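Visitor: Below are the structure tokens for one structure; questions will follow.
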Amino acid sequence: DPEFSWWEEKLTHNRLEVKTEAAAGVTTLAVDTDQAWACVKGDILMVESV
Amino acid sequence: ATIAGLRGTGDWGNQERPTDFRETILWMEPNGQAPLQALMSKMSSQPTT
Amino acid sequence: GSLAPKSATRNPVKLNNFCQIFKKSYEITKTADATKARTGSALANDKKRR
């Protein structure tokens, strides 16, 4: 055909940003829109540093 | 990202999913007892100069 | 002895392009074709240039 197409896919980290400050002892965190869908039960998340 | 845990026919890209097609044309023609060129088939032929 | 977790997935991105028509023509008289030139045959030289 005079018009042709292709598909590309990237592999990326599972990175979340906490919008609302949470103190120690809080079991619920607020993240950016639709970011929590990637995570499921059993994932291990760790706070990152500069 | 889809979390539903079940990929379905709806959970695909814009043109990732073509449907099914029958790759031919079904033709309709006039029907009758005589051939299509009825007058011609019941006719003689002779050359002209 | 735990149970298996939930599942998730994603989709790629799409790109496309077009095709273009190119034309380049050469013309010569038959008399000039029949003649002999030191530089060689004129038609072949015109074909190479174009």
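Visitor: State which residue pairs qualify: first residue away from chain B (no Cβ under 12 Å) and loosely packed, with under 10 Cβ neighbours inside 10 Å and inside segment A:33-47, second residue in a loop (DSSP other than H, G, I, E, B) and polar (S, T, N, Q) in any location, beta carbons under 8 Å apart, and separation of 6 or more residues or different chains.
Guide: A:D43/A:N14
Visitor: Can you name the condition, by its number, that C:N11 falls short on among (1) more than 30 Å from A:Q35 (Cα to Cα); (2) assigned to a loop (DSSP other than H, G, I, E, B)?
Guide: If we test C:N11 against (1) more than 30 Å from A:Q35 (Cα to Cα); (2) assigned to a loop (DSSP other than H, G, I, E, B), just (1) comes out false.
Visitor: Residue under question is B:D20, and the condition is that it be assigned to a loop (DSSP other than H, G, I, E, B), in contact with a strand residue (DSSP E or B) (Cβ under 8 Å, 6 or more places away or on another chain) and without any contact (Cβ under 8 Å) to a residue 12 or more places away in the chain; does it hold? Write out each step before concluding.
Guide: Numbers: assigned to a loop (DSSP other than H, G, I, E, B): yes; in contact with a strand residue (DSSP E or B) (Cβ under 8 Å, 6 or more places away or on another chain): no; without any contact (Cβ under 8 Å) to a residue 12 or more places away in the chain: yes.
In short, no.
Visitor: While we're here: For residues that are surrounded by fewer than 10 Cβ atoms within 10 Å (Cβ to Cβ), within 20 Å of the chain's Cα centre (by Cα) and more than 14 Å from every other protein chain (Cβ to nearest Cβ), scanning just segment C:1-49, find the one that is nearest to A:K41 (Cα to Cα).
Guide: Here the answer is C:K23.
Visitor: Tell me whether segment A:3-15 contains one or more residues that are more than 10 Å from every other protein chain (Cβ to nearest Cβ), of a type in the set (D, E, K, R) and in a loop (DSSP other than H, G, I, E, B).
Guide: yes
Visitor: Can I ask one more? Any idea which residue in segment B:1-42 is farthest from C:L15 (Cα to Cα), counting only those that are away from every other protein chain (no Cβ under 14 Å) and of a type in the set (D, E, K, R)?
Guide: Kept after step one, since they are away from every other protein chain (no Cβ under 14 Å), are these residues of segment B:1-42: B:19-42.
Narrowing the set further to residues that are of a type in the set (D, E, K, R) leaves B:20, B:22-23, B:29, B:42.
Details: B:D20: 24, B:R22: 28, B:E23: 27, B:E29: 44, B:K42: 61 Å.
For segment B:1-42, the residue satisfying everything is B:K42.
Visitor: Is it fair to say B:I25 is among the hydrophobic types (A, V, I, L, M, F, W, C), surrounded by 10 or more Cβ atoms within 10 Å (Cβ to Cβ) and out of contact with any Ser or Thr (no Cβ under 6 Å at 6 or more places or on another chain)?
Guide: Numbers: among the hydrophobic types (A, V, I, L, M, F, W, C): yes; surrounded by 10 or more Cβ atoms within 10 Å (Cβ to Cβ): no; out of contact with any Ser or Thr (no Cβ under 6 Å at 6 or more places or on another chain): yes.
Against the criterion (among the hydrophobic types (A, V, I, L, M, F, W, C), surrounded by 10 or more Cβ atoms within 10 Å (Cβ to Cβ) and out of contact with any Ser or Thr (no Cβ under 6 Å at 6 or more places or on another chain)), B:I25 does not qualify.
Visitor: Further question on the same structure: Residues in segment B:2-16: is at least one under 23 Å from the mean Cα position of the chain (by Cα), assigned to a loop (DSSP other than H, G, I, E, B) and exposed (fewer than 10 other Cβ atoms within 10 Å of the Cβ)? Write out each step before concluding.
Guide: Here is the first cut: in segment B:2-16, the residues under 23 Å from the mean Cα position of the chain (by Cα) are none.
Among the residues of segment B:2-16, not one is under 23 Å from the mean Cα position of the chain (by Cα), assigned to a loop (DSSP other than H, G, I, E, B) and exposed (fewer than 10 other Cβ atoms within 10 Å of the Cβ), which makes the answer no.
Any read-out appearing in this document is the output of simple, stated calculations on the displayed coordinates, not a laboratory observation. Cβ: placed from backbone, ideal geometry, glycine included. Neighbour counts: every protein chain shown.
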